[PDB]
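Visitor: So here's target_34.csv (CSV, N, CA and C atoms).
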chain,number,residue,atom,x,y,z
A,446,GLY,N,16.7,3.3,9.5
A,446,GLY,CA,15.4,3.7,9.2
A,446,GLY,C,14.5,2.6,8.6
A,447,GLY,N,15.1,1.5,8.2
A,447,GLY,CA,14.3,0.4,7.6
A,447,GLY,C,14.2,0.4,6.1
A,448,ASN,N,14.4,-0.8,5.5
A,448,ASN,CA,14.3,-0.9,4.1
A,448,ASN,C,12.8,-1.2,3.8
A,449,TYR,N,12.2,-0.3,3.1
A,449,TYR,CA,10.8,-0.5,2.7
A,449,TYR,C,10.7,-0.7,1.2
A,450,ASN,N,11.8,-0.8,0.4
A,450,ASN,CA,11.8,-0.9,-1.0
A,450,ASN,C,11.7,-2.4,-1.5
A,451,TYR,N,11.6,-3.3,-0.6
A,451,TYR,CA,11.3,-4.7,-0.9
A,451,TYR,C,9.9,-5.1,-0.6
A,452,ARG,N,9.2,-5.6,-1.6
A,452,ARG,CA,7.8,-5.9,-1.5
A,452,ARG,C,7.5,-7.4,-1.9
A,453,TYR,N,6.3,-7.8,-1.7
A,453,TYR,CA,5.9,-9.2,-2.1
A,453,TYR,C,4.4,-9.2,-2.3
A,454,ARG,N,4.0,-10.1,-3.2
A,454,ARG,CA,2.5,-10.2,-3.5
A,454,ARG,C,1.9,-10.9,-2.3
A,455,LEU,N,0.6,-10.4,-2.0
A,455,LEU,CA,-0.2,-11.0,-0.9
A,455,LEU,C,-1.5,-11.5,-1.3
A,456,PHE,N,-2.1,-11.1,-2.5
A,456,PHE,CA,-3.4,-11.5,-2.9
A,456,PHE,C,-3.4,-11.9,-4.4
A,457,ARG,N,-4.2,-12.9,-4.7
A,457,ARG,CA,-4.4,-13.4,-6.0
A,457,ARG,C,-5.7,-14.1,-6.1
A,458,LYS,N,-6.3,-14.1,-7.3
A,458,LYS,CA,-7.5,-14.9,-7.5
A,458,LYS,C,-7.3,-16.4,-7.3
A,459,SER,N,-6.2,-16.9,-7.8
A,459,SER,CA,-5.9,-18.3,-7.8
A,459,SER,C,-4.5,-18.5,-7.4
A,460,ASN,N,-4.0,-19.8,-7.5
A,460,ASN,CA,-2.6,-20.1,-7.2
A,460,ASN,C,-1.8,-19.8,-8.4
A,461,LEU,N,-0.5,-20.3,-8.4
A,461,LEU,CA,0.4,-20.1,-9.4
A,461,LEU,C,1.0,-21.4,-9.9
A,462,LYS,N,1.3,-21.4,-11.2
A,462,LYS,CA,2.0,-22.6,-11.8
A,462,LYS,C,3.4,-22.6,-11.4
A,463,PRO,N,4.1,-23.8,-11.4
A,463,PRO,CA,5.5,-23.8,-11.2
A,463,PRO,C,6.2,-23.0,-12.3
A,464,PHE,N,7.3,-22.3,-11.9
A,464,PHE,CA,8.1,-21.5,-12.8
A,464,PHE,C,7.2,-20.5,-13.5
A,465,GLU,N,6.3,-19.9,-12.8
A,465,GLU,CA,5.4,-18.9,-13.4
A,465,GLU,C,5.7,-17.6,-12.8
A,466,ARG,N,5.5,-16.5,-13.7
A,466,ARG,CA,5.8,-15.2,-13.3
A,466,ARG,C,4.6,-14.3,-13.3
A,467,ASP,N,4.3,-13.6,-12.3
A,467,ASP,CA,3.2,-12.6,-12.2
A,467,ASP,C,3.8,-11.3,-11.8
A,468,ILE,N,3.5,-10.3,-12.6
A,468,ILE,CA,4.0,-8.9,-12.4
A,468,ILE,C,2.9,-7.9,-12.4
A,469,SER,N,1.7,-8.4,-12.7
A,469,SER,CA,0.5,-7.4,-12.8
A,469,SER,C,0.3,-6.8,-11.4
A,470,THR,N,0.0,-5.5,-11.4
A,470,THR,CA,-0.3,-4.7,-10.3
A,470,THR,C,-1.7,-4.1,-10.4
A,471,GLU,N,-2.7,-4.9,-10.0
A,471,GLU,CA,-4.1,-4.5,-10.0
A,471,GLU,C,-4.7,-4.5,-8.6
A,472,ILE,N,-5.6,-3.6,-8.4
A,472,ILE,CA,-6.3,-3.5,-7.1
A,472,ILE,C,-7.1,-4.8,-6.9
A,473,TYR,N,-7.0,-5.4,-5.7
A,473,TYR,CA,-7.6,-6.7,-5.4
A,473,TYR,C,-9.0,-6.4,-4.8
A,474,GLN,N,-10.1,-6.8,-5.4
A,474,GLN,CA,-11.4,-6.7,-4.9
A,474,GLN,C,-11.7,-7.9,-4.1
A,475,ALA,N,-11.7,-7.7,-2.7
A,475,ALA,CA,-12.0,-8.8,-1.8
A,475,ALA,C,-13.4,-8.8,-1.3
A,476,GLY,N,-14.3,-8.0,-1.9
A,476,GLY,CA,-15.7,-7.9,-1.5
A,476,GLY,C,-16.6,-7.9,-2.6
A,477,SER,N,-17.7,-7.1,-2.6
A,477,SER,CA,-18.7,-7.1,-3.6
A,477,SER,C,-19.0,-5.7,-4.0
A,478,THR,N,-17.9,-4.9,-4.3
A,478,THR,CA,-18.0,-3.5,-4.7
A,478,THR,C,-17.0,-3.2,-5.7
A,479,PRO,N,-17.3,-2.6,-6.9
A,479,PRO,CA,-16.3,-2.3,-7.9
A,479,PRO,C,-15.3,-1.3,-7.3
A,480,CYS,N,-14.0,-1.7,-7.2
A,480,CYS,CA,-13.0,-0.9,-6.7
A,480,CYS,C,-12.8,0.4,-7.6
A,481,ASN,N,-12.8,0.2,-8.9
A,481,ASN,CA,-12.6,1.3,-9.8
A,481,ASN,C,-11.3,2.0,-9.6
A,482,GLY,N,-10.2,1.2,-9.2
A,482,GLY,CA,-8.9,1.7,-9.0
A,482,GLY,C,-8.9,2.6,-7.7
A,483,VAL,N,-9.7,2.3,-6.7
A,483,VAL,CA,-9.7,3.1,-5.5
A,483,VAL,C,-9.2,2.2,-4.4
A,484,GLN,N,-8.1,2.7,-3.7
A,484,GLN,CA,-7.6,1.9,-2.6
A,484,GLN,C,-8.4,2.2,-1.3
A,485,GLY,N,-9.1,1.1,-0.9
A,485,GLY,CA,-10.0,1.3,0.3
A,485,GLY,C,-10.6,0.0,0.8
A,486,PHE,N,-11.9,0.1,1.2
A,486,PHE,CA,-12.6,-1.0,1.9
A,486,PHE,C,-12.7,-2.2,0.9
A,487,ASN,N,-12.2,-3.3,1.3
A,487,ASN,CA,-12.2,-4.5,0.5
A,487,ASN,C,-11.5,-4.3,-0.8
A,488,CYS,N,-10.7,-3.3,-0.9
A,488,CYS,CA,-9.9,-3.0,-2.1
A,488,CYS,C,-8.5,-2.8,-1.6
A,489,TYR,N,-7.7,-3.9,-1.7
A,489,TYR,CA,-6.3,-3.9,-1.1
A,489,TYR,C,-5.3,-4.0,-2.2
A,490,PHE,N,-4.2,-3.2,-2.1
A,490,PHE,CA,-3.1,-3.3,-3.0
A,490,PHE,C,-2.5,-4.7,-2.9
A,491,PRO,N,-2.1,-5.3,-4.0
A,491,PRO,CA,-1.6,-6.7,-4.0
A,491,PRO,C,-0.2,-6.8,-3.4
A,492,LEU,N,0.5,-5.7,-3.2
A,492,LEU,CA,1.9,-5.8,-2.8
A,492,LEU,C,2.0,-5.2,-1.4
A,493,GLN,N,2.8,-5.8,-0.6
A,493,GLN,CA,3.1,-5.4,0.8
A,493,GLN,C,4.6,-5.3,1.0
A,494,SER,N,5.1,-4.3,1.6
A,494,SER,CA,6.5,-4.0,1.8
A,494,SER,C,7.0,-4.8,3.1
B,446,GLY,N,-9.7,-14.8,8.0
B,446,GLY,CA,-9.1,-14.3,6.8
B,446,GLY,C,-8.2,-13.1,7.0
B,447,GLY,N,-8.2,-12.6,8.2
B,447,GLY,CA,-7.3,-11.4,8.5
B,447,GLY,C,-8.1,-10.1,8.2
B,448,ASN,N,-8.0,-9.2,9.2
B,448,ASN,CA,-8.7,-7.9,9.1
B,448,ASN,C,-7.7,-6.9,8.5
B,449,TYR,N,-8.1,-6.2,7.5
B,449,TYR,CA,-7.2,-5.3,6.8
B,449,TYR,C,-7.9,-3.9,6.6
B,450,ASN,N,-9.0,-3.7,7.2
B,450,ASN,CA,-9.7,-2.4,7.1
B,450,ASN,C,-9.1,-1.3,7.9
B,451,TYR,N,-8.3,-1.6,8.9
B,451,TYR,CA,-7.7,-0.6,9.8
B,451,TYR,C,-6.3,-0.3,9.3
B,452,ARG,N,-6.0,1.0,9.2
B,452,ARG,CA,-4.7,1.5,8.8
B,452,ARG,C,-4.2,2.6,9.7
B,453,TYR,N,-2.9,2.8,9.7
B,453,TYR,CA,-2.3,3.9,10.5
B,453,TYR,C,-1.2,4.6,9.6
B,454,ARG,N,-1.0,5.8,9.9
B,454,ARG,CA,0.0,6.6,9.3
B,454,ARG,C,1.4,6.1,9.6
B,455,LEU,N,2.3,6.1,8.7
B,455,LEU,CA,3.7,5.6,8.9
B,455,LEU,C,4.7,6.7,8.6
B,456,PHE,N,4.4,7.6,7.7
B,456,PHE,CA,5.4,8.6,7.4
B,456,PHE,C,4.8,10.0,7.4
B,457,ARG,N,5.6,11.0,7.8
B,457,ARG,CA,5.2,12.4,7.8
B,457,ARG,C,6.4,13.2,7.7
B,458,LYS,N,6.2,14.4,7.2
B,458,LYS,CA,7.3,15.4,7.1
B,458,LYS,C,7.8,15.8,8.5
B,459,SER,N,6.8,16.0,9.4
B,459,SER,CA,7.1,16.5,10.7
B,459,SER,C,6.2,15.8,11.7
B,460,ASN,N,6.4,16.1,13.0
B,460,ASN,CA,5.6,15.5,14.0
B,460,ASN,C,4.2,16.2,14.1
B,461,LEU,N,3.3,15.7,14.9
B,461,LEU,CA,2.0,16.2,15.1
B,461,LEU,C,1.9,17.0,16.4
B,462,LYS,N,1.1,18.1,16.3
B,462,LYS,CA,0.8,18.8,17.5
B,462,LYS,C,-0.2,18.0,18.4
B,463,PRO,N,-0.2,18.3,19.7
B,463,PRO,CA,-1.2,17.6,20.5
B,463,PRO,C,-2.6,17.9,20.0
B,464,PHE,N,-3.4,16.8,20.1
B,464,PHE,CA,-4.8,16.9,19.6
B,464,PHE,C,-4.9,17.4,18.2
B,465,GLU,N,-4.4,16.6,17.3
B,465,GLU,CA,-4.4,16.9,15.9
B,465,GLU,C,-5.0,15.7,15.1
B,466,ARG,N,-5.7,16.0,14.0
B,466,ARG,CA,-6.3,15.0,13.1
B,466,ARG,C,-5.7,15.2,11.7
B,467,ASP,N,-5.1,14.2,11.2
B,467,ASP,CA,-4.5,14.2,9.9
B,467,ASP,C,-5.2,13.1,9.0
B,468,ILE,N,-5.6,13.5,7.8
B,468,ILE,CA,-6.3,12.6,6.9
B,468,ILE,C,-5.7,12.6,5.5
B,469,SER,N,-4.7,13.4,5.2
B,469,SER,CA,-4.1,13.5,3.9
B,469,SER,C,-3.6,12.2,3.5
B,470,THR,N,-3.9,11.8,2.2
B,470,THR,CA,-3.4,10.6,1.6
B,470,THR,C,-2.6,11.0,0.4
B,471,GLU,N,-1.3,11.2,0.7
B,471,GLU,CA,-0.3,11.6,-0.3
B,471,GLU,C,0.9,10.7,-0.3
B,472,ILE,N,1.4,10.5,-1.5
B,472,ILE,CA,2.6,9.7,-1.7
B,472,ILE,C,3.8,10.4,-1.0
B,473,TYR,N,4.5,9.6,-0.2
B,473,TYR,CA,5.7,10.1,0.5
B,473,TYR,C,6.9,10.0,-0.3
B,474,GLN,N,7.8,11.0,-0.3
B,474,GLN,CA,9.0,11.0,-1.0
B,474,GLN,C,10.1,10.8,0.0
B,475,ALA,N,10.7,9.6,0.0
B,475,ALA,CA,11.8,9.3,0.9
B,475,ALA,C,13.2,9.4,0.2
B,476,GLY,N,13.2,9.9,-1.1
B,476,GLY,CA,14.4,10.0,-1.8
B,476,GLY,C,14.6,11.4,-2.3
B,477,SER,N,15.3,11.5,-3.5
B,477,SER,CA,15.6,12.8,-4.1
B,477,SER,C,15.0,12.9,-5.4
B,478,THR,N,13.9,12.2,-5.7
B,478,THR,CA,13.2,12.3,-6.9
B,478,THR,C,11.7,12.4,-6.7
B,479,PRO,N,11.0,13.2,-7.5
B,479,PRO,CA,9.6,13.3,-7.3
B,479,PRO,C,8.9,12.0,-7.5
B,480,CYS,N,7.8,11.8,-6.7
B,480,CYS,CA,7.1,10.5,-6.8
B,480,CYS,C,6.1,10.5,-8.0
B,481,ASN,N,5.6,11.6,-8.4
B,481,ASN,CA,4.7,11.8,-9.5
B,481,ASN,C,3.5,10.9,-9.3
B,482,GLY,N,3.0,10.7,-8.1
B,482,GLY,CA,1.8,9.9,-7.8
B,482,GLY,C,2.1,8.4,-8.2
B,483,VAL,N,3.3,7.9,-8.0
B,483,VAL,CA,3.6,6.5,-8.3
B,483,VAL,C,4.3,5.9,-7.1
B,484,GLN,N,3.7,4.9,-6.5
B,484,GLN,CA,4.3,4.2,-5.3
B,484,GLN,C,5.4,3.2,-5.8
B,485,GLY,N,6.5,3.8,-6.3
B,485,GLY,CA,7.5,2.9,-6.8
B,485,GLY,C,8.7,2.8,-5.9
B,486,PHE,N,9.9,3.1,-6.4
B,486,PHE,CA,11.1,3.1,-5.6
B,486,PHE,C,11.3,4.4,-4.8
B,487,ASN,N,11.5,4.3,-3.5
B,487,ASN,CA,11.7,5.4,-2.6
B,487,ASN,C,10.5,6.3,-2.6
B,488,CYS,N,9.3,5.7,-2.9
B,488,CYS,CA,8.0,6.5,-2.8
B,488,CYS,C,7.0,5.5,-2.3
B,489,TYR,N,6.6,5.7,-1.1
B,489,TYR,CA,5.7,4.7,-0.3
B,489,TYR,C,4.4,5.4,0.1
B,490,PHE,N,3.4,4.6,0.0
B,490,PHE,CA,2.1,5.1,0.5
B,490,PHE,C,2.2,5.3,2.0
B,491,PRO,N,1.6,6.4,2.5
B,491,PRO,CA,1.7,6.8,3.9
B,491,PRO,C,1.0,5.9,4.9
B,492,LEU,N,0.1,5.1,4.5
B,492,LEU,CA,-0.8,4.3,5.4
B,492,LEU,C,-0.4,2.8,5.3
B,493,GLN,N,-0.4,2.2,6.5
B,493,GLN,CA,-0.1,0.7,6.6
B,493,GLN,C,-1.3,0.0,7.3
B,494,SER,N,-1.7,-1.1,6.8
B,494,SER,CA,-2.8,-1.9,7.4
B,494,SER,C,-2.3,-2.9,8.4
Taking this structure as input, can you express it in the form of structure tokens?
Guide:
Amino acid sequence: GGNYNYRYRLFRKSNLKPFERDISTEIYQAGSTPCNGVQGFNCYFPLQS
Amino acid sequence: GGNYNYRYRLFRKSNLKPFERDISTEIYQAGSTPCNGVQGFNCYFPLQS
């Protein structure tokens, strides 16, 4: 059926430092509209399976 | 930059009848525990971009 329980980050405001950990799960606003925690246009979840 | 505005359904309890429109956005339960509106382990969003 496929393993869909492994994910990875796909979006961030900036890069990451060496040996740095990011665990925050916030909606990524890639446009000019307040997402307000709404998954939609220019509002993409930062994790992909 | 990649187009992400298009999504398609990936999981459903059953198949679709001919000429059917589905729009429900509900967390899917692939395991034996309630999802409780959290896309965590064995609980995946139905739409993929």
Visitor: Tell me as a ChimeraX atom specification which residues belonging to chain A come within 7 Å of chain B, counting only N, CA and C atoms.
Guide: /A:449-450,485-487
Visitor: Please superimpose chain B on chain A using every C-alpha atom, paired by order, in a least-squares fit, and write the moved chain as a compact mmCIF listing (two decimals) with N, CA and C atoms, in the coordinates of the input.
Guide:
# COMPACT_ATOMS: atom_id res chain seq x y z
N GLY B 446 16.79 3.19 9.23
CA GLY B 446 15.53 3.76 8.86
C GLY B 446 14.51 2.77 8.35
N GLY B 447 14.96 1.56 8.18
CA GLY B 447 13.99 0.48 7.69
C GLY B 447 14.01 0.47 6.13
N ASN B 448 14.14 -0.78 5.63
CA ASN B 448 14.19 -0.99 4.17
C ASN B 448 12.75 -1.27 3.71
N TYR B 449 12.31 -0.58 2.72
CA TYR B 449 10.93 -0.70 2.27
C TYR B 449 10.89 -0.87 0.70
N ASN B 450 12.00 -1.06 0.10
CA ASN B 450 12.04 -1.27 -1.36
C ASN B 450 11.60 -2.62 -1.82
N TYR B 451 11.59 -3.61 -0.96
CA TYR B 451 11.24 -5.00 -1.31
C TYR B 451 9.78 -5.21 -0.96
N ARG B 452 9.04 -5.78 -1.92
CA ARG B 452 7.64 -6.12 -1.76
C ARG B 452 7.33 -7.52 -2.25
N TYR B 453 6.24 -8.07 -1.76
CA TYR B 453 5.80 -9.41 -2.22
C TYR B 453 4.23 -9.35 -2.44
N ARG B 454 3.81 -10.18 -3.28
CA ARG B 454 2.44 -10.37 -3.57
C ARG B 454 1.67 -10.91 -2.39
N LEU B 455 0.50 -10.49 -2.12
CA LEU B 455 -0.33 -10.95 -0.95
C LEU B 455 -1.65 -11.52 -1.44
N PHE B 456 -2.18 -11.04 -2.53
CA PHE B 456 -3.47 -11.57 -2.92
C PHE B 456 -3.48 -11.94 -4.40
N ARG B 457 -4.25 -12.98 -4.75
CA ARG B 457 -4.42 -13.43 -6.13
C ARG B 457 -5.69 -14.11 -6.22
N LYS B 458 -6.21 -14.13 -7.43
CA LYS B 458 -7.47 -14.86 -7.73
C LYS B 458 -7.28 -16.37 -7.53
N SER B 459 -6.10 -16.85 -8.02
CA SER B 459 -5.84 -18.25 -8.02
C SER B 459 -4.38 -18.46 -7.68
N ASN B 460 -3.97 -19.74 -7.56
CA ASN B 460 -2.63 -20.04 -7.25
C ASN B 460 -1.72 -19.91 -8.53
N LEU B 461 -0.43 -20.05 -8.40
CA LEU B 461 0.53 -19.96 -9.43
C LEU B 461 0.99 -21.34 -9.88
N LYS B 462 1.19 -21.43 -11.23
CA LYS B 462 1.80 -22.62 -11.72
C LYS B 462 3.32 -22.67 -11.37
N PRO B 463 3.89 -23.88 -11.35
CA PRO B 463 5.33 -23.89 -11.10
C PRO B 463 6.07 -23.10 -12.16
N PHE B 464 7.13 -22.43 -11.62
CA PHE B 464 7.93 -21.56 -12.51
C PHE B 464 7.12 -20.56 -13.27
N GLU B 465 6.54 -19.66 -12.53
CA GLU B 465 5.72 -18.62 -13.07
C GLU B 465 6.20 -17.23 -12.53
N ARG B 466 6.08 -16.19 -13.36
CA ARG B 466 6.44 -14.80 -13.01
C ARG B 466 5.18 -13.94 -13.17
N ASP B 467 4.79 -13.31 -12.13
CA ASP B 467 3.66 -12.45 -12.09
C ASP B 467 4.12 -10.98 -11.71
N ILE B 468 3.68 -10.01 -12.49
CA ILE B 468 4.08 -8.63 -12.28
C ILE B 468 2.89 -7.68 -12.26
N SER B 469 1.68 -8.12 -12.49
CA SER B 469 0.51 -7.30 -12.54
C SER B 469 0.36 -6.60 -11.28
N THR B 470 0.06 -5.24 -11.36
CA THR B 470 -0.22 -4.41 -10.23
C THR B 470 -1.60 -3.87 -10.41
N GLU B 471 -2.54 -4.67 -9.86
CA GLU B 471 -3.98 -4.36 -9.90
C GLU B 471 -4.61 -4.42 -8.54
N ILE B 472 -5.55 -3.51 -8.36
CA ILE B 472 -6.32 -3.44 -7.13
C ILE B 472 -7.14 -4.75 -6.97
N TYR B 473 -7.01 -5.33 -5.78
CA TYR B 473 -7.76 -6.56 -5.45
C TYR B 473 -9.08 -6.28 -4.93
N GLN B 474 -10.13 -7.02 -5.31
CA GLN B 474 -11.44 -6.87 -4.85
C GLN B 474 -11.72 -8.01 -3.93
N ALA B 475 -11.77 -7.73 -2.62
CA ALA B 475 -12.07 -8.74 -1.63
C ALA B 475 -13.57 -8.71 -1.15
N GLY B 476 -14.41 -7.83 -1.84
CA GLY B 476 -15.74 -7.72 -1.46
C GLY B 476 -16.64 -7.97 -2.64
N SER B 477 -17.84 -7.26 -2.61
CA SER B 477 -18.83 -7.41 -3.68
C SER B 477 -19.06 -6.16 -4.33
N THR B 478 -18.11 -5.22 -4.36
CA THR B 478 -18.21 -4.01 -5.04
C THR B 478 -16.97 -3.68 -5.84
N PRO B 479 -17.10 -3.10 -7.03
CA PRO B 479 -15.93 -2.80 -7.78
C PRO B 479 -15.04 -1.84 -7.08
N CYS B 480 -13.69 -2.02 -7.30
CA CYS B 480 -12.75 -1.14 -6.58
C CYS B 480 -12.58 0.22 -7.33
N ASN B 481 -12.77 0.27 -8.59
CA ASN B 481 -12.69 1.42 -9.44
C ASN B 481 -11.34 2.07 -9.25
N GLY B 482 -10.26 1.33 -9.08
CA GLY B 482 -8.89 1.85 -8.96
C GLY B 482 -8.81 2.70 -7.63
N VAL B 483 -9.48 2.31 -6.56
CA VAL B 483 -9.38 3.04 -5.30
C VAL B 483 -9.11 2.04 -4.20
N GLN B 484 -7.98 2.18 -3.54
CA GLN B 484 -7.60 1.26 -2.40
C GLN B 484 -8.37 1.70 -1.11
N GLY B 485 -9.70 1.47 -1.16
CA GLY B 485 -10.43 1.91 -0.01
C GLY B 485 -10.88 0.77 0.87
N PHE B 486 -12.18 0.63 1.12
CA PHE B 486 -12.71 -0.47 1.89
C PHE B 486 -12.91 -1.76 1.06
N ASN B 487 -12.37 -2.87 1.51
CA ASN B 487 -12.44 -4.15 0.88
C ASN B 487 -11.81 -4.10 -0.48
N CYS B 488 -10.81 -3.17 -0.65
CA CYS B 488 -10.02 -3.12 -1.95
C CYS B 488 -8.63 -2.76 -1.51
N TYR B 489 -7.77 -3.70 -1.64
CA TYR B 489 -6.31 -3.62 -1.09
C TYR B 489 -5.32 -3.78 -2.24
N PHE B 490 -4.31 -3.00 -2.10
CA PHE B 490 -3.21 -3.16 -3.07
C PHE B 490 -2.58 -4.53 -2.88
N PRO B 491 -2.24 -5.20 -4.00
CA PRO B 491 -1.73 -6.57 -4.00
C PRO B 491 -0.36 -6.77 -3.39
N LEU B 492 0.42 -5.78 -3.25
CA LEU B 492 1.86 -5.87 -2.85
C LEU B 492 2.02 -5.30 -1.41
N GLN B 493 2.84 -6.05 -0.66
CA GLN B 493 3.17 -5.61 0.77
C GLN B 493 4.72 -5.47 0.90
N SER B 494 5.16 -4.44 1.52
CA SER B 494 6.60 -4.21 1.76
C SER B 494 7.07 -4.80 3.05
Visitor: In Å, how far is it from CA of residue 473 in chain B to atom N of residue 482 in chain A?
Guide: 20.6 Å
Visitor: Residues of chain A in strand (DSSP E) according to DSSP, as a list in words?
Guide: residues 453, 454, 473, 474, 488, 489, 492 and 493 of chain A
Visitor: Pick the closest to residue 491 in chain B from B:461, B:475, B:468, B:455: which is it, counting all atoms listed in the file?
Guide: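 When distances to residue 491 in chain B are compared using all atoms listed in the file, the smallest one comes from B:455.
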Visitor: One number please: atom C of residue 454 in chain B to atom N of residue 457 in chain A, in Å, one decimal.
Guide: 24.4 Å
Visitor: Could you tell me how far CA of residue 490 in chain A lies from CA of residue 471 in chain A, in Å and to one decimal?
Guide: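 Separation between CA of residue 490 in chain A and CA of residue 471 in chain A: 7.2 Å.
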